[PDB]
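Student: The structure's right below; bear with me while I get my questions together.
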Protein chains: 2
Amino acid sequence: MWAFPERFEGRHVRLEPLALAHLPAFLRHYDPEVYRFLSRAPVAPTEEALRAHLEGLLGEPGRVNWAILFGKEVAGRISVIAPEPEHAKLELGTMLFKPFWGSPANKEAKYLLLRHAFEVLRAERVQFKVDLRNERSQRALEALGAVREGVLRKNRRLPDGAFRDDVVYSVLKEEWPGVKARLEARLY
Amino acid sequence: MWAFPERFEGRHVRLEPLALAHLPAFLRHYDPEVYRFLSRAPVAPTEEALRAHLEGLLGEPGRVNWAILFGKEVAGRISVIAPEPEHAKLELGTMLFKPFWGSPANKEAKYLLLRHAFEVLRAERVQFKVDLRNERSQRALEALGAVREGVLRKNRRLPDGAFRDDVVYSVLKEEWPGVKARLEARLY
């Protein structure tokens, strides 16, 4: 199994293990737009629905989650999804609360995790998956330098029964130096 | 959970649950080319290596496997991989022994499973994944009418440490009638 740090320290954010103790941050910054392109979105603007969503993140087998701390606030979370050491690959996904969109939080959280994945764990592939309707995130990944591999059509079903398409992107180990450079220029 | 038939009866082949009892067929028709683009390929042309490969197929969580019987021979196998009823999708994969390549076995096995998936289980998406180096299978899926969605770069690692790219294809429920028609014209 791969081991990851419980905590990361960046110039703009710090990461710590996501926990139920972080729920208040989720209750303080609820905006449906933040969850609309995520699976198992909170079903209502309530503590119960948000608790269920957070418990879902913490309970997914193999998933490792960190809260992203930006100043005195929890800005969101970043997750290592389905890590597969045997294939030297993993998936990375982030979600930031609305007030922090456009802050350096998302980029530095990714920088910290990508660096550990590629430089320490020697991952060959890190993939990202986003809803075809999530333009904002596709632009963010394009800016990051991730490669758009394609669209998994009707790859997820919502509670109401409608289907969504997933755009798959990836950064390969050979591409990390270039990606790292772009991120450092933008962050530091 | 989705329920599948233990047995299928076609005009050219019949399907029955894959089992250890089928191992002799694997030992009677060994050819490394048949496994070169599959993960966990038999590590040697031996009973032990082939037994390990077959046990691997039977032990993968959620995987449902059938032996394809063509006349008095076991021609290969077909598998439902990672079925996810909650998202109305599954993956389908086949492997035929060399002597049966070009026979109607592969197409009818797929026809039978695709029909059950789309018409009975109401699947919205059936995906196929093949090694970018497996030209033969990519041509077979093109002929089937599956849509090439993209290439997952360095998506699997081999025992020797080299990486392989996976081409992802899919057939959506709306596309099944067209696919079914092409298959029936070719089979019947």
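In the structure tokens, each chain is lettered A, B, ... as it comes, each chain's residues begin at 1, and ligands are numbered from 1 in order of appearance.
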For residue 129 of chain A, list every protein, DNA or RNA residue within 7 Å, evaluated using only C-alpha atoms, and leave out those in the same chain fewer than 4 positions away; present the list as a list in words.

Tutor: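 Listing them by chain and then by number gives residues 166, 167, 168 and 169 of chain A.
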
Student: Show which residues sit within 10 Å of residue 186 of chain A, as a list in words. Count only C-alpha atoms, and ignore same-chain residues fewer than 6 positions away.

Tutor: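 My reading of the contact set: residues 104, 107, 108, 144 and 180 of chain A.
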
Student: Go ahead and dump the residues you just picked, N, CA and C atoms, as a PDB file, in the first residue's frame.

Tutor:
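Output (result_3.pdb):
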ATOM      1  N   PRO A 104      -5.507  30.730  -4.260  1.00  0.00           N
ATOM      2  CA  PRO A 104      -4.480  29.759  -4.664  1.00  0.00           C
ATOM      3  C   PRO A 104      -4.723  28.361  -4.063  1.00  0.00           C
ATOM      4  N   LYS A 107      -4.979  25.115  -6.559  1.00  0.00           N
ATOM      5  CA  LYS A 107      -3.689  24.813  -7.183  1.00  0.00           C
ATOM      6  C   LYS A 107      -2.633  24.328  -6.217  1.00  0.00           C
ATOM      7  N   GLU A 108      -2.527  24.944  -5.044  1.00  0.00           N
ATOM      8  CA  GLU A 108      -1.477  24.479  -4.147  1.00  0.00           C
ATOM      9  C   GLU A 108      -1.816  23.116  -3.558  1.00  0.00           C
ATOM     10  N   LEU A 144      -3.734  23.629 -15.925  1.00  0.00           N
ATOM     11  CA  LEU A 144      -2.760  22.816 -15.188  1.00  0.00           C
ATOM     12  C   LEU A 144      -1.820  22.114 -16.160  1.00  0.00           C
ATOM     13  N   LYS A 180       4.582  20.956 -12.973  1.00  0.00           N
ATOM     14  CA  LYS A 180       5.122  21.491 -11.732  1.00  0.00           C
ATOM     15  C   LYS A 180       5.619  22.919 -11.970  1.00  0.00           C
TER      16      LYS A 180
END

Student: Write down, as a ChimeraX atom specification, each residue of chain A that has any atom within 7 Å of an atom of chain B, counting only C-alpha atoms.

Tutor: /A:87,125,149-152,154,156-157

Student: Counting only C-alpha atoms, figure out which residue out of B:82, B:91, B:47, B:72 gets nearest to residue 60 of chain B.

Tutor: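 Among B:82, B:91, B:47, B:72, it is B:82 that comes nearest to residue 60 of chain B.
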
Student: I'd like to know which residues of chain A are strand (DSSP E or B) (by DSSP, run on the backbone); could you write them as number ranges by chain?

Tutor: A: 8-9, 13-17, 64-70, 73-84, 89-96, 125-131, 147-157, 163-172

Student: Find the distance between atom CA of residue 184 of chain B and atom CA of residue 112 of chain B and write it in Å to one decimal.

Tutor: 10.8 Å

Student: Please list as a PDB file with N, CA, C and O atoms, in the first residue's frame every residue within 12 Å of residue 59 of chain A, counting only C-alpha atoms and excluding residues in the same chain fewer than 4 positions away.

Tutor:
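Wrote it out as result17.pdb, contents follow:
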ATOM      1  N   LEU A  18      -9.025  14.810   6.493  1.00  0.00           N
ATOM      2  CA  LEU A  18     -10.421  15.227   6.558  1.00  0.00           C
ATOM      3  C   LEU A  18     -11.103  14.380   7.635  1.00  0.00           C
ATOM      4  O   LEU A  18     -10.835  13.142   7.757  1.00  0.00           O
ATOM      5  N   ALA A  19     -12.002  15.018   8.389  1.00  0.00           N
ATOM      6  CA  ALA A  19     -12.674  14.309   9.475  1.00  0.00           C
ATOM      7  C   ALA A  19     -14.046  14.871   9.739  1.00  0.00           C
ATOM      8  O   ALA A  19     -14.399  15.911   9.197  1.00  0.00           O
ATOM      9  N   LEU A  20     -14.819  14.171  10.568  1.00  0.00           N
ATOM     10  CA  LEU A  20     -16.157  14.673  10.895  1.00  0.00           C
ATOM     11  C   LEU A  20     -16.066  16.024  11.551  1.00  0.00           C
ATOM     12  O   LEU A  20     -17.007  16.833  11.470  1.00  0.00           O
ATOM     13  N   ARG A  51     -23.851  16.112   6.292  1.00  0.00           N
ATOM     14  CA  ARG A  51     -23.173  15.076   7.081  1.00  0.00           C
ATOM     15  C   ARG A  51     -23.084  13.787   6.222  1.00  0.00           C
ATOM     16  O   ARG A  51     -22.017  13.123   6.135  1.00  0.00           O
ATOM     17  N   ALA A  52     -24.194  13.436   5.572  1.00  0.00           N
ATOM     18  CA  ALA A  52     -24.211  12.217   4.749  1.00  0.00           C
ATOM     19  C   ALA A  52     -23.150  12.319   3.651  1.00  0.00           C
ATOM     20  O   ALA A  52     -22.413  11.364   3.412  1.00  0.00           O
ATOM     21  N   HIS A  53     -23.084  13.465   2.992  1.00  0.00           N
ATOM     22  CA  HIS A  53     -22.069  13.653   1.947  1.00  0.00           C
ATOM     23  C   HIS A  53     -20.664  13.479   2.507  1.00  0.00           C
ATOM     24  O   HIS A  53     -19.844  12.741   1.932  1.00  0.00           O
ATOM     25  N   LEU A  54     -20.359  14.138   3.623  1.00  0.00           N
ATOM     26  CA  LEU A  54     -19.010  14.022   4.208  1.00  0.00           C
ATOM     27  C   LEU A  54     -18.745  12.582   4.663  1.00  0.00           C
ATOM     28  O   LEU A  54     -17.657  12.055   4.452  1.00  0.00           O
ATOM     29  N   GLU A  55     -19.720  11.937   5.302  1.00  0.00           N
ATOM     30  CA  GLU A  55     -19.496  10.544   5.707  1.00  0.00           C
ATOM     31  C   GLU A  55     -19.218   9.670   4.469  1.00  0.00           C
ATOM     32  O   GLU A  55     -18.439   8.708   4.542  1.00  0.00           O
ATOM     33  N   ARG A  63     -10.149   5.492  -0.401  1.00  0.00           N
ATOM     34  CA  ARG A  63     -10.045   6.960  -0.547  1.00  0.00           C
ATOM     35  C   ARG A  63      -9.307   7.637   0.627  1.00  0.00           C
ATOM     36  O   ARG A  63      -9.511   7.287   1.791  1.00  0.00           O
ATOM     37  N   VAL A  64      -8.404   8.568   0.325  1.00  0.00           N
ATOM     38  CA  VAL A  64      -7.673   9.283   1.354  1.00  0.00           C
ATOM     39  C   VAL A  64      -8.067  10.746   1.146  1.00  0.00           C
ATOM     40  O   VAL A  64      -7.918  11.271   0.041  1.00  0.00           O
ATOM     41  N   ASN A  65      -8.562  11.390   2.202  1.00  0.00           N
ATOM     42  CA  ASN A  65      -9.066  12.771   2.077  1.00  0.00           C
ATOM     43  C   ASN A  65      -8.374  13.752   3.004  1.00  0.00           C
ATOM     44  O   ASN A  65      -8.035  13.418   4.158  1.00  0.00           O
ATOM     45  N   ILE A  81      -8.166   9.162  -4.846  1.00  0.00           N
ATOM     46  CA  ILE A  81      -9.241   8.215  -5.131  1.00  0.00           C
ATOM     47  C   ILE A  81      -8.701   6.973  -5.813  1.00  0.00           C
ATOM     48  O   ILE A  81      -7.867   7.048  -6.729  1.00  0.00           O
TER      49      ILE A  81
END

Student: Just give me the gap between atom CA of residue 15 of chain A and atom CA of residue 69 of chain A in Å, one decimal is fine.

Tutor: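 Result for atom CA of residue 15 of chain A versus atom CA of residue 69 of chain A: 6.0 Å, one decimal.
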
Student: Based on DSSP run over this structure's backbone, return all residues of segment 8-178 of chain A in helix (DSSP H, G or I), as a PDB file with N, CA and C atoms, in the first residue's frame.

Tutor:
ATOM      1  N   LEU A  20     -14.819  14.171  10.568  1.00  0.00           N
ATOM      2  CA  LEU A  20     -16.157  14.673  10.895  1.00  0.00           C
ATOM      3  C   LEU A  20     -16.066  16.024  11.551  1.00  0.00           C
ATOM      4  N   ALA A  21     -14.945  16.296  12.205  1.00  0.00           N
ATOM      5  CA  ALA A  21     -14.757  17.583  12.866  1.00  0.00           C
ATOM      6  C   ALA A  21     -14.782  18.739  11.891  1.00  0.00           C
ATOM      7  N   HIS A  22     -14.643  18.431  10.603  1.00  0.00           N
ATOM      8  CA  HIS A  22     -14.658  19.479   9.596  1.00  0.00           C
ATOM      9  C   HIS A  22     -16.055  19.819   9.115  1.00  0.00           C
ATOM     10  N   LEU A  23     -17.046  19.051   9.545  1.00  0.00           N
ATOM     11  CA  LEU A  23     -18.398  19.320   9.083  1.00  0.00           C
ATOM     12  C   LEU A  23     -18.866  20.785   9.196  1.00  0.00           C
ATOM     13  N   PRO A  24     -18.558  21.467  10.309  1.00  0.00           N
ATOM     14  CA  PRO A  24     -19.017  22.861  10.416  1.00  0.00           C
ATOM     15  C   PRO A  24     -18.636  23.728   9.232  1.00  0.00           C
ATOM     16  N   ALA A  25     -17.437  23.499   8.678  1.00  0.00           N
ATOM     17  CA  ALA A  25     -17.017  24.278   7.529  1.00  0.00           C
ATOM     18  C   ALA A  25     -17.955  24.018   6.353  1.00  0.00           C
ATOM     19  N   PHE A  26     -18.400  22.767   6.213  1.00  0.00           N
ATOM     20  CA  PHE A  26     -19.319  22.444   5.134  1.00  0.00           C
ATOM     21  C   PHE A  26     -20.678  23.107   5.374  1.00  0.00           C
ATOM     22  N   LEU A  27     -21.074  23.209   6.632  1.00  0.00           N
ATOM     23  CA  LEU A  27     -22.383  23.826   6.936  1.00  0.00           C
ATOM     24  C   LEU A  27     -22.302  25.351   6.807  1.00  0.00           C
ATOM     25  N   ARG A  28     -21.109  25.914   6.985  1.00  0.00           N
ATOM     26  CA  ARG A  28     -20.974  27.356   6.906  1.00  0.00           C
ATOM     27  C   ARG A  28     -20.910  27.899   5.488  1.00  0.00           C
ATOM     28  N   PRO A  32     -25.273  25.069  -3.665  1.00  0.00           N
ATOM     29  CA  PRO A  32     -25.456  23.910  -4.541  1.00  0.00           C
ATOM     30  C   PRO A  32     -24.535  23.835  -5.756  1.00  0.00           C
ATOM     31  N   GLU A  33     -24.058  24.971  -6.227  1.00  0.00           N
ATOM     32  CA  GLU A  33     -23.198  24.949  -7.400  1.00  0.00           C
ATOM     33  C   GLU A  33     -21.893  24.214  -7.136  1.00  0.00           C
ATOM     34  N   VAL A  34     -21.456  24.280  -5.889  1.00  0.00           N
ATOM     35  CA  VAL A  34     -20.225  23.639  -5.464  1.00  0.00           C
ATOM     36  C   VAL A  34     -20.311  22.103  -5.582  1.00  0.00           C
ATOM     37  N   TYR A  35     -21.514  21.550  -5.430  1.00  0.00           N
ATOM     38  CA  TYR A  35     -21.680  20.097  -5.470  1.00  0.00           C
ATOM     39  C   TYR A  35     -22.389  19.561  -6.705  1.00  0.00           C
ATOM     40  N   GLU A  47     -27.960  20.132   7.582  1.00  0.00           N
ATOM     41  CA  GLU A  47     -26.848  19.467   8.231  1.00  0.00           C
ATOM     42  C   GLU A  47     -26.877  17.973   7.954  1.00  0.00           C
ATOM     43  N   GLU A  48     -28.077  17.391   7.970  1.00  0.00           N
ATOM     44  CA  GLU A  48     -28.138  15.958   7.740  1.00  0.00           C
ATOM     45  C   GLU A  48     -27.608  15.555   6.374  1.00  0.00           C
ATOM     46  N   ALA A  49     -27.975  16.319   5.351  1.00  0.00           N
ATOM     47  CA  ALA A  49     -27.574  16.013   3.982  1.00  0.00           C
ATOM     48  C   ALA A  49     -26.077  16.217   3.797  1.00  0.00           C
ATOM     49  N   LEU A  50     -25.541  17.257   4.419  1.00  0.00           N
ATOM     50  CA  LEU A  50     -24.106  17.531   4.313  1.00  0.00           C
ATOM     51  C   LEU A  50     -23.334  16.498   5.127  1.00  0.00           C
ATOM     52  N   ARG A  51     -23.851  16.112   6.292  1.00  0.00           N
ATOM     53  CA  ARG A  51     -23.173  15.076   7.081  1.00  0.00           C
ATOM     54  C   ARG A  51     -23.084  13.787   6.222  1.00  0.00           C
ATOM     55  N   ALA A  52     -24.194  13.436   5.572  1.00  0.00           N
ATOM     56  CA  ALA A  52     -24.211  12.217   4.749  1.00  0.00           C
ATOM     57  C   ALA A  52     -23.150  12.319   3.651  1.00  0.00           C
ATOM     58  N   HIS A  53     -23.084  13.465   2.992  1.00  0.00           N
ATOM     59  CA  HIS A  53     -22.069  13.653   1.947  1.00  0.00           C
ATOM     60  C   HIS A  53     -20.664  13.479   2.507  1.00  0.00           C
ATOM     61  N   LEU A  54     -20.359  14.138   3.623  1.00  0.00           N
ATOM     62  CA  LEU A  54     -19.010  14.022   4.208  1.00  0.00           C
ATOM     63  C   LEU A  54     -18.745  12.582   4.663  1.00  0.00           C
ATOM     64  N   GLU A  55     -19.720  11.937   5.302  1.00  0.00           N
ATOM     65  CA  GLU A  55     -19.496  10.544   5.707  1.00  0.00           C
ATOM     66  C   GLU A  55     -19.218   9.670   4.469  1.00  0.00           C
ATOM     67  N   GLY A  56     -19.849  10.018   3.349  1.00  0.00           N
ATOM     68  CA  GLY A  56     -19.638   9.274   2.120  1.00  0.00           C
ATOM     69  C   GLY A  56     -18.182   9.400   1.677  1.00  0.00           C
ATOM     70  N   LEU A  57     -17.653  10.614   1.730  1.00  0.00           N
ATOM     71  CA  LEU A  57     -16.257  10.789   1.338  1.00  0.00           C
ATOM     72  C   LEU A  57     -15.331   9.972   2.229  1.00  0.00           C
ATOM     73  N   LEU A  58     -15.570  10.029   3.536  1.00  0.00           N
ATOM     74  CA  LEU A  58     -14.702   9.336   4.472  1.00  0.00           C
ATOM     75  C   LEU A  58     -14.827   7.823   4.417  1.00  0.00           C
ATOM     76  N   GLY A  59     -15.952   7.336   3.926  1.00  0.00           N
ATOM     77  CA  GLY A  59     -16.172   5.899   3.901  1.00  0.00           C
ATOM     78  C   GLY A  59     -15.850   5.133   2.640  1.00  0.00           C
ATOM     79  N   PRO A  85      -1.281   1.084  -6.334  1.00  0.00           N
ATOM     80  CA  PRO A  85       0.174   0.970  -6.336  1.00  0.00           C
ATOM     81  C   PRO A  85       0.664  -0.027  -7.355  1.00  0.00           C
ATOM     82  N   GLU A  86      -0.094  -1.104  -7.555  1.00  0.00           N
ATOM     83  CA  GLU A  86       0.338  -2.128  -8.508  1.00  0.00           C
ATOM     84  C   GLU A  86       0.391  -1.622  -9.937  1.00  0.00           C
ATOM     85  N   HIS A  87      -0.336  -0.552 -10.217  1.00  0.00           N
ATOM     86  CA  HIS A  87      -0.324   0.002 -11.556  1.00  0.00           C
ATOM     87  C   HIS A  87       0.274   1.416 -11.523  1.00  0.00           C
ATOM     88  N   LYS A  98     -17.325  27.886  -2.475  1.00  0.00           N
ATOM     89  CA  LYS A  98     -17.418  29.050  -3.328  1.00  0.00           C
ATOM     90  C   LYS A  98     -16.538  30.258  -3.005  1.00  0.00           C
ATOM     91  N   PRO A  99     -16.495  30.688  -1.745  1.00  0.00           N
ATOM     92  CA  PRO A  99     -15.668  31.851  -1.393  1.00  0.00           C
ATOM     93  C   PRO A  99     -14.186  31.733  -1.730  1.00  0.00           C
ATOM     94  N   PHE A 100     -13.716  30.502  -1.886  1.00  0.00           N
ATOM     95  CA  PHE A 100     -12.316  30.284  -2.113  1.00  0.00           C
ATOM     96  C   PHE A 100     -11.972  30.015  -3.570  1.00  0.00           C
ATOM     97  N   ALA A 105      -5.801  28.187  -3.296  1.00  0.00           N
ATOM     98  CA  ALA A 105      -6.003  26.924  -2.586  1.00  0.00           C
ATOM     99  C   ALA A 105      -6.016  25.651  -3.404  1.00  0.00           C
ATOM    100  N   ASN A 106      -6.825  25.659  -4.460  1.00  0.00           N
ATOM    101  CA  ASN A 106      -6.974  24.492  -5.320  1.00  0.00           C
ATOM    102  C   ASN A 106      -5.624  24.134  -5.945  1.00  0.00           C
ATOM    103  N   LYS A 107      -4.979  25.115  -6.559  1.00  0.00           N
ATOM    104  CA  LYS A 107      -3.689  24.813  -7.183  1.00  0.00           C
ATOM    105  C   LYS A 107      -2.633  24.328  -6.217  1.00  0.00           C
ATOM    106  N   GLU A 108      -2.527  24.944  -5.044  1.00  0.00           N
ATOM    107  CA  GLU A 108      -1.477  24.479  -4.147  1.00  0.00           C
ATOM    108  C   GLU A 108      -1.816  23.116  -3.558  1.00  0.00           C
ATOM    109  N   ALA A 109      -3.109  22.837  -3.329  1.00  0.00           N
ATOM    110  CA  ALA A 109      -3.471  21.513  -2.809  1.00  0.00           C
ATOM    111  C   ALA A 109      -3.028  20.480  -3.842  1.00  0.00           C
ATOM    112  N   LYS A 110      -3.368  20.712  -5.113  1.00  0.00           N
ATOM    113  CA  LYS A 110      -2.935  19.773  -6.160  1.00  0.00           C
ATOM    114  C   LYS A 110      -1.419  19.677  -6.239  1.00  0.00           C
ATOM    115  N   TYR A 111      -0.753  20.822  -6.196  1.00  0.00           N
ATOM    116  CA  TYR A 111       0.715  20.809  -6.248  1.00  0.00           C
ATOM    117  C   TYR A 111       1.304  19.901  -5.198  1.00  0.00           C
ATOM    118  N   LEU A 112       0.824  20.039  -3.964  1.00  0.00           N
ATOM    119  CA  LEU A 112       1.352  19.244  -2.875  1.00  0.00           C
ATOM    120  C   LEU A 112       1.120  17.770  -3.059  1.00  0.00           C
ATOM    121  N   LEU A 113      -0.100  17.394  -3.463  1.00  0.00           N
ATOM    122  CA  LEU A 113      -0.395  15.975  -3.674  1.00  0.00           C
ATOM    123  C   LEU A 113       0.305  15.407  -4.911  1.00  0.00           C
ATOM    124  N   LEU A 114       0.335  16.174  -6.008  1.00  0.00           N
ATOM    125  CA  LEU A 114       0.998  15.692  -7.221  1.00  0.00           C
ATOM    126  C   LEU A 114       2.481  15.483  -6.956  1.00  0.00           C
ATOM    127  N   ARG A 115       3.084  16.373  -6.187  1.00  0.00           N
ATOM    128  CA  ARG A 115       4.510  16.227  -5.895  1.00  0.00           C
ATOM    129  C   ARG A 115       4.771  14.929  -5.116  1.00  0.00           C
ATOM    130  N   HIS A 116       3.930  14.642  -4.132  1.00  0.00           N
ATOM    131  CA  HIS A 116       4.136  13.443  -3.369  1.00  0.00           C
ATOM    132  C   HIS A 116       3.890  12.234  -4.299  1.00  0.00           C
ATOM    133  N   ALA A 117       2.817  12.288  -5.071  1.00  0.00           N
ATOM    134  CA  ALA A 117       2.534  11.138  -5.916  1.00  0.00           C
ATOM    135  C   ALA A 117       3.657  10.803  -6.906  1.00  0.00           C
ATOM    136  N   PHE A 118       4.112  11.813  -7.627  1.00  0.00           N
ATOM    137  CA  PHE A 118       5.138  11.593  -8.644  1.00  0.00           C
ATOM    138  C   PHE A 118       6.553  11.484  -8.099  1.00  0.00           C
ATOM    139  N   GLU A 119       6.902  12.377  -7.192  1.00  0.00           N
ATOM    140  CA  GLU A 119       8.275  12.381  -6.698  1.00  0.00           C
ATOM    141  C   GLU A 119       8.624  11.409  -5.585  1.00  0.00           C
ATOM    142  N   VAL A 120       7.649  11.037  -4.780  1.00  0.00           N
ATOM    143  CA  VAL A 120       7.910  10.151  -3.653  1.00  0.00           C
ATOM    144  C   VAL A 120       7.351   8.779  -3.918  1.00  0.00           C
ATOM    145  N   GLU A 135     -17.574  23.238 -16.801  1.00  0.00           N
ATOM    146  CA  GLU A 135     -16.646  24.003 -17.618  1.00  0.00           C
ATOM    147  C   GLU A 135     -15.501  24.569 -16.800  1.00  0.00           C
ATOM    148  N   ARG A 136     -15.821  25.086 -15.624  1.00  0.00           N
ATOM    149  CA  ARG A 136     -14.842  25.711 -14.746  1.00  0.00           C
ATOM    150  C   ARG A 136     -13.685  24.760 -14.464  1.00  0.00           C
ATOM    151  N   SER A 137     -14.009  23.521 -14.105  1.00  0.00           N
ATOM    152  CA  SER A 137     -12.945  22.597 -13.793  1.00  0.00           C
ATOM    153  C   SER A 137     -12.173  22.128 -14.996  1.00  0.00           C
ATOM    154  N   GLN A 138     -12.833  22.046 -16.151  1.00  0.00           N
ATOM    155  CA  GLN A 138     -12.122  21.631 -17.355  1.00  0.00           C
ATOM    156  C   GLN A 138     -11.123  22.736 -17.689  1.00  0.00           C
ATOM    157  N   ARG A 139     -11.532  23.986 -17.538  1.00  0.00           N
ATOM    158  CA  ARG A 139     -10.566  25.055 -17.813  1.00  0.00           C
ATOM    159  C   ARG A 139      -9.412  25.014 -16.820  1.00  0.00           C
ATOM    160  N   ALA A 140      -9.705  24.695 -15.560  1.00  0.00           N
ATOM    161  CA  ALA A 140      -8.643  24.624 -14.555  1.00  0.00           C
ATOM    162  C   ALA A 140      -7.633  23.513 -14.917  1.00  0.00           C
ATOM    163  N   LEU A 141      -8.133  22.356 -15.363  1.00  0.00           N
ATOM    164  CA  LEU A 141      -7.224  21.258 -15.712  1.00  0.00           C
ATOM    165  C   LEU A 141      -6.446  21.567 -16.985  1.00  0.00           C
ATOM    166  N   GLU A 142      -7.066  22.304 -17.902  1.00  0.00           N
ATOM    167  CA  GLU A 142      -6.367  22.676 -19.129  1.00  0.00           C
ATOM    168  C   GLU A 142      -5.213  23.576 -18.721  1.00  0.00           C
ATOM    169  N   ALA A 143      -5.494  24.527 -17.831  1.00  0.00           N
ATOM    170  CA  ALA A 143      -4.463  25.444 -17.354  1.00  0.00           C
ATOM    171  C   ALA A 143      -3.355  24.690 -16.627  1.00  0.00           C
ATOM    172  N   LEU A 144      -3.734  23.629 -15.925  1.00  0.00           N
ATOM    173  CA  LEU A 144      -2.760  22.816 -15.188  1.00  0.00           C
ATOM    174  C   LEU A 144      -1.820  22.114 -16.160  1.00  0.00           C
ATOM    175  N   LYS A 173       3.954  10.811 -15.388  1.00  0.00           N
ATOM    176  CA  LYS A 173       5.189  11.159 -14.688  1.00  0.00           C
ATOM    177  C   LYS A 173       6.115  12.004 -15.569  1.00  0.00           C
ATOM    178  N   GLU A 174       6.188  11.667 -16.852  1.00  0.00           N
ATOM    179  CA  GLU A 174       7.071  12.417 -17.750  1.00  0.00           C
ATOM    180  C   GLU A 174       6.606  13.831 -17.969  1.00  0.00           C
ATOM    181  N   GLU A 175       5.318  14.069 -17.719  1.00  0.00           N
ATOM    182  CA  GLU A 175       4.727  15.379 -17.890  1.00  0.00           C
ATOM    183  C   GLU A 175       4.760  16.197 -16.593  1.00  0.00           C
ATOM    184  N   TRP A 176       5.053  15.539 -15.475  1.00  0.00           N
ATOM    185  CA  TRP A 176       5.015  16.261 -14.199  1.00  0.00           C
ATOM    186  C   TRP A 176       5.960  17.477 -14.121  1.00  0.00           C
ATOM    187  N   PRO A 177       7.206  17.335 -14.576  1.00  0.00           N
ATOM    188  CA  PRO A 177       8.084  18.516 -14.484  1.00  0.00           C
ATOM    189  C   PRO A 177       7.491  19.763 -15.117  1.00  0.00           C
ATOM    190  N   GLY A 178       6.859  19.605 -16.285  1.00  0.00           N
ATOM    191  CA  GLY A 178       6.250  20.734 -16.976  1.00  0.00           C
ATOM    192  C   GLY A 178       5.070  21.297 -16.194  1.00  0.00           C
TER     193      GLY A 178
END

Student: What is the distance between atom CA of residue 128 of chain A and atom CA of residue 79 of chain A, in Å to one decimal?

Tutor: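 If I compute the distance from atom CA of residue 128 of chain A to atom CA of residue 79 of chain A, I get 10.7 Å.
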